[PDB]
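Q: Got a structure here, written out as structure tokens. Questions coming.
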There are 6 protein chains.
Amino acid sequence: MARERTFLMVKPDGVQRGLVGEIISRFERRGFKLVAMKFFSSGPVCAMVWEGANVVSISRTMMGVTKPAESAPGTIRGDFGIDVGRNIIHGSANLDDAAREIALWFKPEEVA
Amino acid sequence: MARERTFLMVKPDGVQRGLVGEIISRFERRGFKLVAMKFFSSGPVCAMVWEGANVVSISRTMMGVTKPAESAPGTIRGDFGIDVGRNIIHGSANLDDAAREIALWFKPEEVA
Amino acid sequence: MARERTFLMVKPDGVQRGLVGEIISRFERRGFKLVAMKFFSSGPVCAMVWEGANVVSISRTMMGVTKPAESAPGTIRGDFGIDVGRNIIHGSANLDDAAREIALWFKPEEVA
Amino acid sequence: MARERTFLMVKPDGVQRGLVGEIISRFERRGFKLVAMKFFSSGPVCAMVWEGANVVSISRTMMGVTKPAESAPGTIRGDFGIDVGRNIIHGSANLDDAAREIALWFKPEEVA
Amino acid sequence: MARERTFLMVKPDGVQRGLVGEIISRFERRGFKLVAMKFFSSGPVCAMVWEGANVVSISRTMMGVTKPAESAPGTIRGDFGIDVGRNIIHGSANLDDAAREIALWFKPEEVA
Amino acid sequence: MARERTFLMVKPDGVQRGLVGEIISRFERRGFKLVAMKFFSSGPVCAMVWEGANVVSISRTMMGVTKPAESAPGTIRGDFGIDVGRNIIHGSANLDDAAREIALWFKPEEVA
Ligand SMILES: [Cl-]
Ligand SMILES: [Cl-]
Ligand SMILES: [Cl-]
Ligand SMILES: [Cl-]
Ligand SMILES: [Cl-]
Ligand SMILES: [Cl-]
């Protein structure tokens with residue numbers, strides 16, 4: 001229940017605006033252990049796997065709601081979000097979407 | 001709908017406490033383009049016009065509620081607010097108050 | 001009603017993780033005057049008394065809810081909290097718990 | 001000797017990258033009083049007049065050297081500078097260049 | 001040689017400007033363990049004892065030079081210093097001044 | 001001369017202390033484009049390739065000197081360094097060490 005893991009990815013707009021570090025810091029500060037990371041349509045992305053108790057739903061709270069017009073200040077989208085097109089970041093919706101998203105993006109050796 | 005514009009002003013207490021930059025940064029980070037700025041009862045103020053989709057209601061969310069005792073951490077008043085007398089900042093209430101507040105404080109050449 | 005005072009304490013996990021300064025800064029930025037401070041089971045702690053209008057309930061808002069899985073980003077636990085065991089910080093629950101907690105931890109000369 | 005004043009300006013590249021607030025904050029934190037501000041070839045700029053003891057030479061130290069390849073971390077160019085073309089910011093070289101730069105960019109009523 | 005200890009104190013001007021937390025954070029980030037702390041002419045002060053390898057000379061580097069007109073950006077005085085009157089902070093000059101300053105300001109039980 | 005590239009790596013102590021994001025942010029803010037990234041004796045590491053004019057010598061300046069007792073505040077080691085054992089970060093010494101370090105740690109497809 002603390003071996004729990006989610007997929008996170010800095011969308012091209014996050015990368016282009018210089019927000020990769022800021023996003024990582026946010027998770028480091030909550031205590032989540034980073035487990036894997038790669039820097040792969042239009043723009044490069046930063047795919048990450050993070051681990052900790054409740055990381056899946058907590059990190060969704062941390063991101064804020066899909067529509068940054070409504071996203072709470074303190075959240076990533078609440079602090080940095082533009083519009084819904086350029087919403088900076090993706091994080092797995094639930095435990096099933098996490099397991100599938102992780103495996104899609106990584107070889108299993110790549111993950112701790 | 002993205003040519004939208006609001007009036008913002010750092011009240012004398014914001015200026016006196018050294019919060020002008022912090023306030024601007026907050027808006028720069030959300031992606032709003034600054035459009036005009038001047039530094040004019042008791043204490044100097046910093047009047048600004050900002051532009052972007054939904055800037056009017058988003059920036060109100062960003063400020064927090066009038067009563068910083070109740071203002072959410074992450075918002076300007078939630079992070080920096082003292083009492084309701086010294087509430088740091090003013091931002092236009094709605095699209096009508098914005099158009100009027102902008103024109104009151106600026107010559108039209110002064111605005112982009 | 002502005003002579004109001006609360007007890008705050010950085011739990012051993014807050015101290016061990018290097019968060020004392022960050023916690024103080026948060027309160028300094030809201031305008032609360034620090035009134036007393038000492039750095040005393042397992043791990044050292046930082047006990048503080050803070051003063052200002054509504055400091056008791058405001059600082060509880062600032063901390064976030066007991067369960068950092070649910071704690072709002074922008075709050076201390078929302079930004080830094082791990083699990084409910086390691087919840088970083090304690091703050092007096094109400095005006096009675098404040099007066100008792102202050103007196104328990106300080107000699108009265110120690111308080112301003 | 002504390003009525004001293006300099007001209008500062010965020011070049012178009014500073015504005016485009018969202019660094020106006022960060023730059024102001026830097027000066028607010030040193031204790032300089034902002035005295036005037038306007039937001040006017042290619043890109044908008046932010047012209048400012050700042051006041052305090054030794055503000056002219058101190059702010060040059062704060063900016064760092066013209067060549068950000070050599071600019072010291074902690075300085076504006078040391079933290080944010082790209083190349084010498086895009087060097088973010090301009091500040092008056094000496095007390096004579098300050099008086100001339102201020103008057104060039106402002107009406108005298110505009111300055112405190 | 002890592003049991004080394006210095007005295008540090010936030011002068012009244014540091015306290016009045018809300019810089020206690022910022023100062024502590026700086027030391028926490030370098031890895032120094034805080035060992036004791038009290039919050040005692042004109043204005044309250046924050047006296048601290050910090051411990052770590054070379055803490056005495058390192059923390060002097062961290063403060064910057066006595067004359068903030070010349071103090072390096074990145075240092076406390078370089079980032080926050082006003083003039084030499086209001087120079088924010090005091091730190092022991094050398095290992096002898098440290099041992100004496102610590103004992104002057106603390107009972108020995110008060111120190112870890 | 002702007003296609004220049006260096007190797008950077010957050011040592012296990014940087015990772016364990018939660019400094020990966022902070023380190024990346026530092027480079028994003030200088031304008032360097034991240035080009036590749038993986039998260040691989042004792043402790044996990046974060047290997048990165050960064051690109052920009054003079055990135056090799058600039059990033060060495062940004063890190064500070066090998067001996068954090070002497071490392072300048074504003075630099076990574078100056079702000080976060082412990083002792084020379086735990087010096088947080090590695091960066092290629094020169095253009096030859098960069099080309100070799102990059103190829104050692106990456107497949108060439110992995111690099112942009
Ligand atoms: Cl999404
Ligand atoms: Cl209002
Ligand atoms: Cl509790
Ligand atoms: Cl220039
Ligand atoms: Cl002194
Ligand atoms: Cl090395």
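Following the order of the structure tokens, chains are lettered A, B, ..., residues in each are numbered from 1, and ligands are numbered from 1.
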Please give chain B as a compact mmCIF listing (two decimals) with N, CA, C and O atoms, in the first residue's frame, after it has been superposed on chain D by least squares over all Cα atoms paired in order.

A:
```
# COMPACT_ATOMS: atom_id res chain seq x y z
N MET B 1 22.87 61.37 -0.22
CA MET B 1 23.68 60.15 -0.51
C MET B 1 22.83 58.88 -0.40
O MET B 1 23.30 57.77 -0.69
N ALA B 2 21.57 59.05 0.02
CA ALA B 2 20.56 57.98 0.04
C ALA B 2 19.33 58.34 -0.82
O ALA B 2 18.42 57.52 -1.02
N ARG B 3 19.31 59.59 -1.31
CA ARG B 3 18.38 60.08 -2.33
C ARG B 3 18.83 59.63 -3.73
O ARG B 3 18.24 60.03 -4.74
N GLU B 4 19.90 58.83 -3.79
CA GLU B 4 20.52 58.36 -5.03
C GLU B 4 19.52 57.51 -5.82
O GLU B 4 18.69 56.84 -5.23
N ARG B 5 19.59 57.57 -7.15
CA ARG B 5 18.60 56.93 -8.01
C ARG B 5 19.23 56.35 -9.27
O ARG B 5 20.09 56.99 -9.85
N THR B 6 18.80 55.15 -9.69
CA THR B 6 19.22 54.60 -10.98
C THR B 6 18.07 54.23 -11.91
O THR B 6 16.94 54.08 -11.47
N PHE B 7 18.40 54.07 -13.18
CA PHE B 7 17.47 53.58 -14.17
C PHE B 7 17.70 52.09 -14.37
O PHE B 7 18.84 51.62 -14.42
N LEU B 8 16.60 51.36 -14.45
CA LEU B 8 16.64 49.94 -14.71
C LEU B 8 15.59 49.61 -15.72
O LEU B 8 14.54 50.24 -15.75
N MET B 9 15.86 48.62 -16.55
CA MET B 9 14.94 48.26 -17.59
C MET B 9 15.06 46.81 -17.91
O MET B 9 16.15 46.30 -18.15
N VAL B 10 13.92 46.14 -17.91
CA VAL B 10 13.84 44.76 -18.33
C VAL B 10 13.72 44.74 -19.86
O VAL B 10 12.72 45.16 -20.44
N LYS B 11 14.79 44.27 -20.50
CA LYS B 11 14.83 44.12 -21.94
C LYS B 11 13.72 43.18 -22.43
O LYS B 11 13.19 42.38 -21.66
N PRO B 12 13.34 43.27 -23.72
CA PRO B 12 12.29 42.42 -24.29
C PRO B 12 12.41 40.93 -23.97
O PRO B 12 11.39 40.26 -23.76
N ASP B 13 13.63 40.40 -23.94
CA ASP B 13 13.86 38.99 -23.61
C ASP B 13 13.51 38.66 -22.14
O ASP B 13 13.09 37.54 -21.83
N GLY B 14 13.68 39.62 -21.25
CA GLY B 14 13.30 39.45 -19.85
C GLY B 14 11.79 39.40 -19.70
O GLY B 14 11.23 38.53 -19.01
N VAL B 15 11.13 40.33 -20.38
CA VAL B 15 9.70 40.37 -20.42
C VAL B 15 9.14 39.08 -21.03
O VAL B 15 8.28 38.44 -20.44
N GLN B 16 9.67 38.68 -22.19
CA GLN B 16 9.12 37.51 -22.90
C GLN B 16 9.26 36.23 -22.09
O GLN B 16 8.42 35.33 -22.19
N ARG B 17 10.31 36.15 -21.27
CA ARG B 17 10.56 34.96 -20.45
C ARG B 17 9.90 34.96 -19.06
O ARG B 17 10.01 33.99 -18.32
N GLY B 18 9.21 36.04 -18.70
CA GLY B 18 8.44 36.09 -17.47
C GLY B 18 9.27 36.42 -16.25
O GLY B 18 9.05 35.85 -15.18
N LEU B 19 10.20 37.35 -16.39
CA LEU B 19 11.17 37.62 -15.34
C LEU B 19 11.04 38.99 -14.71
O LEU B 19 11.89 39.38 -13.92
N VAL B 20 9.99 39.75 -15.06
CA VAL B 20 9.82 41.10 -14.53
C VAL B 20 9.67 41.08 -13.01
O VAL B 20 10.28 41.89 -12.30
N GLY B 21 8.86 40.15 -12.52
CA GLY B 21 8.53 40.08 -11.10
C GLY B 21 9.75 39.68 -10.31
O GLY B 21 10.02 40.22 -9.23
N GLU B 22 10.49 38.73 -10.87
CA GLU B 22 11.64 38.18 -10.23
C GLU B 22 12.66 39.29 -10.07
O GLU B 22 13.28 39.44 -9.01
N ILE B 23 12.82 40.08 -11.12
CA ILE B 23 13.75 41.21 -11.08
C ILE B 23 13.35 42.26 -10.05
O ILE B 23 14.16 42.71 -9.25
N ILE B 24 12.08 42.65 -10.06
CA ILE B 24 11.61 43.58 -9.05
C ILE B 24 11.85 43.00 -7.66
O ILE B 24 12.40 43.68 -6.78
N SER B 25 11.48 41.74 -7.43
CA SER B 25 11.59 41.16 -6.09
C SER B 25 13.01 41.32 -5.59
O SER B 25 13.25 41.68 -4.41
N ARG B 26 13.97 41.09 -6.49
CA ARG B 26 15.37 41.16 -6.11
C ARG B 26 15.72 42.49 -5.49
O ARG B 26 16.39 42.54 -4.44
N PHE B 27 15.21 43.55 -6.11
CA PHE B 27 15.43 44.91 -5.62
C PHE B 27 14.61 45.22 -4.40
O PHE B 27 15.11 45.84 -3.46
N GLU B 28 13.36 44.77 -4.36
CA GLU B 28 12.59 45.00 -3.16
C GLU B 28 13.34 44.39 -1.99
O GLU B 28 13.46 45.01 -0.94
N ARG B 29 13.87 43.18 -2.15
CA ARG B 29 14.54 42.47 -1.03
C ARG B 29 15.80 43.16 -0.53
O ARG B 29 16.18 42.98 0.61
N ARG B 30 16.45 43.94 -1.38
CA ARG B 30 17.63 44.68 -0.96
C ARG B 30 17.26 45.94 -0.23
O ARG B 30 18.12 46.55 0.41
N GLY B 31 16.00 46.36 -0.34
CA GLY B 31 15.53 47.51 0.38
C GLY B 31 15.38 48.77 -0.46
O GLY B 31 15.08 49.84 0.07
N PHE B 32 15.58 48.65 -1.77
CA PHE B 32 15.44 49.82 -2.63
C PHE B 32 13.96 50.17 -2.83
O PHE B 32 13.12 49.28 -3.01
N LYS B 33 13.65 51.47 -2.75
CA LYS B 33 12.29 51.97 -2.97
C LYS B 33 12.13 52.22 -4.44
O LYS B 33 12.94 52.92 -5.03
N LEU B 34 11.11 51.60 -5.04
CA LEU B 34 10.73 51.88 -6.41
C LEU B 34 10.08 53.26 -6.49
O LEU B 34 9.30 53.66 -5.63
N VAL B 35 10.41 53.99 -7.55
CA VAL B 35 10.11 55.40 -7.59
C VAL B 35 9.24 55.73 -8.81
O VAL B 35 8.39 56.61 -8.75
N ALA B 36 9.43 55.00 -9.90
CA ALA B 36 8.61 55.18 -11.08
C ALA B 36 8.68 53.91 -11.91
O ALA B 36 9.63 53.15 -11.78
N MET B 37 7.69 53.70 -12.77
CA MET B 37 7.64 52.50 -13.59
C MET B 37 6.69 52.67 -14.76
O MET B 37 5.57 53.14 -14.59
N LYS B 38 7.14 52.29 -15.96
CA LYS B 38 6.30 52.30 -17.14
C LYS B 38 6.56 51.02 -17.92
O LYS B 38 7.64 50.44 -17.84
N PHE B 39 5.57 50.57 -18.67
CA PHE B 39 5.71 49.39 -19.50
C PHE B 39 5.47 49.80 -20.97
O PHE B 39 4.34 49.74 -21.46
N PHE B 40 6.53 50.25 -21.64
CA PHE B 40 6.42 50.87 -22.97
C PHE B 40 6.10 49.87 -24.09
O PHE B 40 6.39 48.68 -23.99
N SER B 41 12.81 48.63 -29.89
CA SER B 41 12.43 48.15 -31.22
C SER B 41 11.41 47.00 -31.16
O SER B 41 10.20 47.21 -31.33
N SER B 42 11.92 45.79 -30.90
CA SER B 42 11.16 44.55 -31.08
C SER B 42 10.90 43.82 -29.74
O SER B 42 11.73 43.02 -29.28
N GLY B 43 9.75 44.11 -29.14
CA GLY B 43 9.35 43.56 -27.84
C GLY B 43 9.10 44.66 -26.82
O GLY B 43 9.74 45.71 -26.88
N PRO B 44 8.17 44.44 -25.87
CA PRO B 44 7.91 45.48 -24.88
C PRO B 44 8.95 45.47 -23.75
O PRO B 44 9.63 44.46 -23.55
N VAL B 45 9.09 46.60 -23.06
CA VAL B 45 10.09 46.74 -22.02
C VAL B 45 9.49 47.30 -20.74
O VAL B 45 8.38 47.82 -20.75
N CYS B 46 10.23 47.19 -19.65
CA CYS B 46 9.75 47.66 -18.38
C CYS B 46 10.81 48.56 -17.81
O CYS B 46 11.87 48.11 -17.42
N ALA B 47 10.51 49.85 -17.80
CA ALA B 47 11.47 50.83 -17.36
C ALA B 47 11.12 51.18 -15.93
O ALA B 47 9.94 51.31 -15.61
N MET B 48 12.14 51.31 -15.09
CA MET B 48 11.94 51.54 -13.67
C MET B 48 12.98 52.51 -13.16
O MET B 48 14.09 52.53 -13.67
N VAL B 49 12.63 53.27 -12.13
CA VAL B 49 13.61 54.06 -11.40
C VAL B 49 13.58 53.54 -9.98
O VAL B 49 12.50 53.38 -9.40
N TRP B 50 14.77 53.27 -9.43
CA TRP B 50 14.92 52.74 -8.08
C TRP B 50 15.78 53.69 -7.25
O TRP B 50 16.67 54.36 -7.80
N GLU B 51 15.52 53.74 -5.95
CA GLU B 51 16.22 54.67 -5.07
C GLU B 51 16.76 54.03 -3.80
O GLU B 51 16.07 53.26 -3.12
N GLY B 52 18.01 54.36 -3.47
CA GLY B 52 18.60 54.00 -2.19
C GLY B 52 20.09 54.27 -2.17
O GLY B 52 20.70 54.52 -3.22
N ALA B 53 20.67 54.23 -0.98
CA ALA B 53 22.10 54.41 -0.84
C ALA B 53 22.83 53.49 -1.82
O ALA B 53 22.57 52.28 -1.86
N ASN B 54 23.73 54.06 -2.62
CA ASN B 54 24.61 53.29 -3.50
C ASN B 54 23.87 52.45 -4.53
O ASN B 54 24.45 51.50 -5.08
N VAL B 55 22.61 52.77 -4.79
CA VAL B 55 21.79 51.94 -5.65
C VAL B 55 22.44 51.72 -7.00
O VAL B 55 22.24 50.70 -7.64
N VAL B 56 23.24 52.68 -7.45
CA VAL B 56 23.78 52.62 -8.81
C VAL B 56 24.79 51.50 -8.97
O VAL B 56 24.63 50.66 -9.85
N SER B 57 25.81 51.48 -8.11
CA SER B 57 26.82 50.44 -8.19
C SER B 57 26.35 49.11 -7.59
O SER B 57 26.73 48.06 -8.09
N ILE B 58 25.53 49.16 -6.55
CA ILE B 58 24.98 47.92 -5.98
C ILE B 58 24.16 47.16 -7.01
O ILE B 58 24.31 45.95 -7.18
N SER B 59 23.29 47.86 -7.72
CA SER B 59 22.44 47.17 -8.68
C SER B 59 23.24 46.58 -9.84
O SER B 59 22.81 45.60 -10.44
N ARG B 60 24.40 47.16 -10.15
CA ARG B 60 25.29 46.58 -11.17
C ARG B 60 25.90 45.26 -10.71
O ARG B 60 25.94 44.30 -11.46
N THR B 61 26.34 45.23 -9.45
CA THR B 61 26.75 44.00 -8.79
C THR B 61 25.63 42.96 -8.85
O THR B 61 25.89 41.78 -9.16
N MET B 62 24.40 43.40 -8.53
CA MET B 62 23.23 42.53 -8.52
C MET B 62 22.90 41.95 -9.89
O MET B 62 22.41 40.81 -9.98
N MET B 63 23.17 42.72 -10.94
CA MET B 63 22.93 42.22 -12.29
C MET B 63 23.97 41.17 -12.71
O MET B 63 23.62 40.22 -13.40
N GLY B 64 25.22 41.35 -12.30
CA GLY B 64 26.31 40.57 -12.83
C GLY B 64 26.98 41.24 -14.03
O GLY B 64 26.57 42.31 -14.47
N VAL B 65 28.03 40.61 -14.56
CA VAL B 65 28.81 41.21 -15.65
C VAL B 65 28.11 41.01 -16.99
O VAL B 65 27.34 40.05 -17.16
N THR B 66 28.40 41.93 -17.94
CA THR B 66 27.78 41.95 -19.29
C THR B 66 27.73 40.58 -19.96
O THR B 66 26.76 40.28 -20.66
N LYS B 67 28.75 39.75 -19.71
CA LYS B 67 28.92 38.46 -20.39
C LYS B 67 28.51 37.26 -19.53
O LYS B 67 29.39 36.59 -18.95
N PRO B 68 27.18 36.95 -19.48
CA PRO B 68 26.59 35.88 -18.64
C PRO B 68 27.33 34.51 -18.64
O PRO B 68 27.06 33.67 -17.76
N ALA B 69 28.24 34.30 -19.60
CA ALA B 69 29.14 33.14 -19.54
C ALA B 69 30.07 33.22 -18.31
O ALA B 69 30.69 32.23 -17.90
N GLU B 70 30.14 34.42 -17.73
CA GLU B 70 31.15 34.79 -16.73
C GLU B 70 30.43 35.38 -15.51
O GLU B 70 31.01 35.56 -14.44
N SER B 71 29.15 35.68 -15.71
CA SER B 71 28.27 36.19 -14.68
C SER B 71 28.11 35.25 -13.50
O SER B 71 27.91 34.04 -13.69
N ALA B 72 28.20 35.80 -12.29
CA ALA B 72 28.21 35.01 -11.08
C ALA B 72 26.81 34.52 -10.68
O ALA B 72 25.85 35.32 -10.63
N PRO B 73 26.69 33.22 -10.40
CA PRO B 73 25.44 32.69 -9.86
C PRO B 73 25.03 33.48 -8.61
O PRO B 73 25.88 33.79 -7.76
N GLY B 74 23.75 33.85 -8.53
CA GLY B 74 23.25 34.73 -7.47
C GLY B 74 22.83 36.03 -8.09
O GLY B 74 21.87 36.65 -7.66
N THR B 75 23.58 36.47 -9.10
CA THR B 75 23.20 37.65 -9.89
C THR B 75 22.12 37.25 -10.88
O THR B 75 21.93 36.07 -11.19
N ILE B 76 21.41 38.26 -11.38
CA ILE B 76 20.33 38.09 -12.34
C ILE B 76 20.79 37.38 -13.61
O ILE B 76 20.20 36.38 -14.05
N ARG B 77 21.88 37.87 -14.19
CA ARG B 77 22.46 37.25 -15.37
C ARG B 77 23.10 35.92 -15.03
O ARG B 77 23.10 35.00 -15.84
N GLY B 78 23.62 35.82 -13.81
CA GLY B 78 24.20 34.56 -13.36
C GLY B 78 23.15 33.50 -13.16
O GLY B 78 23.45 32.32 -13.29
N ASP B 79 21.92 33.89 -12.81
CA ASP B 79 20.84 32.91 -12.62
C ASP B 79 19.98 32.70 -13.87
O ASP B 79 19.43 31.60 -14.06
N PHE B 80 19.83 33.73 -14.69
CA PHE B 80 18.85 33.71 -15.77
C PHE B 80 19.40 34.04 -17.15
O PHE B 80 18.71 33.82 -18.14
N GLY B 81 20.61 34.57 -17.21
CA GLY B 81 21.18 35.06 -18.47
C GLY B 81 21.35 33.96 -19.50
O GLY B 81 21.65 32.83 -19.13
N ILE B 82 21.14 34.30 -20.78
CA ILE B 82 21.35 33.37 -21.90
C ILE B 82 22.73 33.64 -22.53
O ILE B 82 23.74 33.14 -22.02
N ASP B 83 22.78 34.40 -23.63
CA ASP B 83 24.04 34.92 -24.15
C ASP B 83 24.08 36.45 -24.03
O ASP B 83 23.16 37.04 -23.45
N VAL B 84 25.13 37.09 -24.55
CA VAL B 84 25.28 38.55 -24.43
C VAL B 84 24.23 39.36 -25.24
O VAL B 84 23.86 40.48 -24.83
N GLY B 85 23.77 38.80 -26.36
CA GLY B 85 22.60 39.33 -27.09
C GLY B 85 21.39 39.41 -26.16
O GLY B 85 20.83 40.48 -25.94
N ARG B 86 20.99 38.27 -25.60
CA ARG B 86 19.84 38.23 -24.71
C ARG B 86 20.28 38.27 -23.23
O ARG B 86 20.23 37.26 -22.50
N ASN B 87 20.72 39.45 -22.80
CA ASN B 87 21.22 39.66 -21.43
C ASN B 87 20.22 40.35 -20.49
O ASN B 87 20.61 41.00 -19.50
N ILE B 88 18.93 40.23 -20.84
CA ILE B 88 17.81 40.30 -19.89
C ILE B 88 17.47 41.68 -19.40
O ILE B 88 16.30 42.05 -19.34
N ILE B 89 18.49 42.45 -19.07
CA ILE B 89 18.28 43.63 -18.25
C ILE B 89 19.33 44.71 -18.54
O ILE B 89 20.45 44.40 -18.92
N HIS B 90 18.94 45.97 -18.38
CA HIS B 90 19.88 47.07 -18.45
C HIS B 90 19.79 47.86 -17.18
O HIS B 90 18.71 48.05 -16.66
N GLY B 91 20.92 48.36 -16.71
CA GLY B 91 20.97 49.25 -15.56
C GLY B 91 22.03 50.30 -15.82
O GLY B 91 23.07 50.00 -16.41
N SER B 92 21.76 51.53 -15.40
CA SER B 92 22.67 52.65 -15.61
C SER B 92 24.08 52.36 -15.11
O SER B 92 24.25 51.81 -14.03
N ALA B 93 25.07 52.74 -15.92
CA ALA B 93 26.49 52.45 -15.64
C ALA B 93 27.09 53.25 -14.49
O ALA B 93 27.94 52.74 -13.77
N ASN B 94 26.66 54.49 -14.33
CA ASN B 94 27.21 55.40 -13.31
C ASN B 94 26.22 56.53 -13.06
O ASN B 94 25.20 56.61 -13.76
N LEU B 95 26.52 57.39 -12.10
CA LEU B 95 25.59 58.44 -11.65
C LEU B 95 25.17 59.43 -12.76
O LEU B 95 24.02 59.90 -12.76
N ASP B 96 26.08 59.71 -13.70
CA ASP B 96 25.75 60.53 -14.86
C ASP B 96 24.83 59.82 -15.85
O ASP B 96 23.84 60.40 -16.29
N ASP B 97 25.17 58.59 -16.21
CA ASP B 97 24.30 57.79 -17.07
C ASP B 97 22.92 57.59 -16.43
O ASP B 97 21.93 57.48 -17.14
N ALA B 98 22.86 57.54 -15.10
CA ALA B 98 21.57 57.41 -14.42
C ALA B 98 20.69 58.65 -14.62
O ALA B 98 19.59 58.54 -15.16
N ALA B 99 21.19 59.82 -14.23
CA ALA B 99 20.42 61.07 -14.39
C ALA B 99 19.91 61.29 -15.83
O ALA B 99 18.75 61.70 -16.02
N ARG B 100 20.76 60.99 -16.82
CA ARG B 100 20.39 61.13 -18.24
C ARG B 100 19.35 60.08 -18.67
O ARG B 100 18.33 60.43 -19.27
N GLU B 101 19.60 58.81 -18.34
CA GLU B 101 18.65 57.71 -18.63
C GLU B 101 17.26 57.90 -18.00
O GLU B 101 16.25 57.62 -18.63
N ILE B 102 17.22 58.38 -16.76
CA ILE B 102 15.95 58.67 -16.10
C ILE B 102 15.15 59.74 -16.86
O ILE B 102 13.99 59.53 -17.24
N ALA B 103 15.80 60.87 -17.11
CA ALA B 103 15.15 61.98 -17.80
C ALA B 103 14.73 61.64 -19.24
O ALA B 103 13.63 61.99 -19.65
N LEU B 104 15.59 60.94 -19.98
CA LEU B 104 15.21 60.41 -21.30
C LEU B 104 13.87 59.64 -21.28
O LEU B 104 13.00 59.87 -22.12
N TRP B 105 13.71 58.74 -20.31
CA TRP B 105 12.57 57.82 -20.29
C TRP B 105 11.33 58.31 -19.55
O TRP B 105 10.23 57.80 -19.79
N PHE B 106 11.49 59.28 -18.66
CA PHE B 106 10.35 59.80 -17.90
C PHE B 106 10.07 61.31 -18.08
O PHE B 106 10.98 62.10 -18.35
N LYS B 107 8.80 61.68 -17.94
CA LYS B 107 8.42 63.06 -17.60
C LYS B 107 8.77 63.23 -16.11
O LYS B 107 8.78 62.24 -15.37
N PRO B 108 9.08 64.46 -15.66
CA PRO B 108 9.57 64.57 -14.27
C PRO B 108 8.48 64.39 -13.21
O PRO B 108 8.79 64.06 -12.05
N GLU B 109 7.22 64.62 -13.60
CA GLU B 109 6.07 64.38 -12.73
C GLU B 109 5.97 62.88 -12.44
O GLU B 109 5.65 62.48 -11.32
N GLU B 110 6.26 62.07 -13.46
CA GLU B 110 6.25 60.60 -13.36
C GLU B 110 7.20 60.04 -12.30
O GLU B 110 7.02 58.91 -11.83
N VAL B 111 8.20 60.82 -11.92
CA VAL B 111 9.18 60.39 -10.92
C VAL B 111 8.90 61.05 -9.57
O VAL B 111 8.68 62.27 -9.50
N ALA B 112 8.92 60.24 -8.50
CA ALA B 112 8.56 60.66 -7.12
C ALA B 112 9.34 61.87 -6.56
O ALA B 112 10.39 62.26 -7.08
```

Q: Running DSSP on the backbone, which parts of region 3-94 of chain B land in helix (DSSP H, G or I), as a CSV table (one decimal) with C-alpha atoms, in the first residue's frame?

A:
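For reference, out-v2.csv as written:
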```csv
chain,number,residue,atom,x,y,z
B,12,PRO,CA,0.1,50.8,-0.5
B,13,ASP,CA,0.5,47.9,2.1
B,14,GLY,CA,1.7,45.6,-0.7
B,15,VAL,CA,4.2,48.1,-1.9
B,16,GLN,CA,5.4,48.9,1.6
B,20,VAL,CA,5.1,44.0,-6.1
B,21,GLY,CA,7.5,41.5,-7.7
B,22,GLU,CA,6.0,38.5,-6.1
B,23,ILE,CA,2.6,39.6,-7.3
B,24,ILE,CA,3.8,40.2,-10.9
B,25,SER,CA,5.6,36.8,-10.9
B,26,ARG,CA,2.4,35.1,-9.9
B,27,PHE,CA,0.7,36.4,-13.0
B,28,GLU,CA,3.7,35.9,-15.3
B,29,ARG,CA,3.7,32.2,-14.2
B,30,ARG,CA,0.1,31.8,-15.2
B,55,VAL,CA,-8.0,36.7,-16.8
B,56,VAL,CA,-10.8,38.5,-14.9
B,57,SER,CA,-12.2,35.6,-12.9
B,58,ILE,CA,-8.9,33.6,-12.8
B,59,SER,CA,-7.0,36.5,-11.2
B,60,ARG,CA,-9.8,36.7,-8.5
B,61,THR,CA,-9.3,33.1,-7.7
B,62,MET,CA,-5.5,33.8,-7.6
B,63,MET,CA,-6.0,36.7,-5.1
B,76,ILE,CA,-1.9,36.0,-2.6
B,77,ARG,CA,-4.0,36.9,0.4
B,78,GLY,CA,-3.8,33.3,1.6
B,79,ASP,CA,0.0,33.6,1.6
B,80,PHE,CA,0.6,37.2,2.4
```

Q: Write out as a PyMOL selection string the set of residues from chain E that DSSP, computed on the backbone, places in strand (DSSP E or B).

A: chain E and resi 5-10+33-38+46-51+73+75+89-91

Q: Selection from above, C-alpha atoms, as a compact mmCIF listing (two decimals), in the first residue's frame, can you write it?

A:
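Heads up, here's the output in out.txt:
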```txt
# COMPACT_ATOMS: atom_id res chain seq x y z
CA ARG E 5 29.67 24.98 16.56
CA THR E 6 28.94 28.68 15.92
CA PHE E 7 26.70 31.39 17.30
CA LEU E 8 24.26 33.09 14.98
CA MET E 9 21.78 35.80 15.67
CA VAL E 10 19.15 37.55 13.64
CA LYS E 33 22.17 20.82 12.50
CA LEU E 34 20.50 23.43 14.67
CA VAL E 35 21.47 22.87 18.27
CA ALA E 36 19.79 25.58 20.34
CA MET E 37 17.53 28.58 19.78
CA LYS E 38 15.98 31.39 21.83
CA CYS E 46 16.84 35.29 17.48
CA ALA E 47 19.89 33.60 18.86
CA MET E 48 20.90 30.23 17.47
CA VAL E 49 23.69 27.70 17.75
CA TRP E 50 24.49 25.70 14.62
CA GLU E 51 26.74 22.66 14.22
CA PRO E 73 24.56 38.26 -4.31
CA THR E 75 24.83 35.67 0.47
CA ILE E 89 22.58 39.17 11.08
CA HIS E 90 25.56 38.41 13.31
CA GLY E 91 27.72 35.31 13.25
```
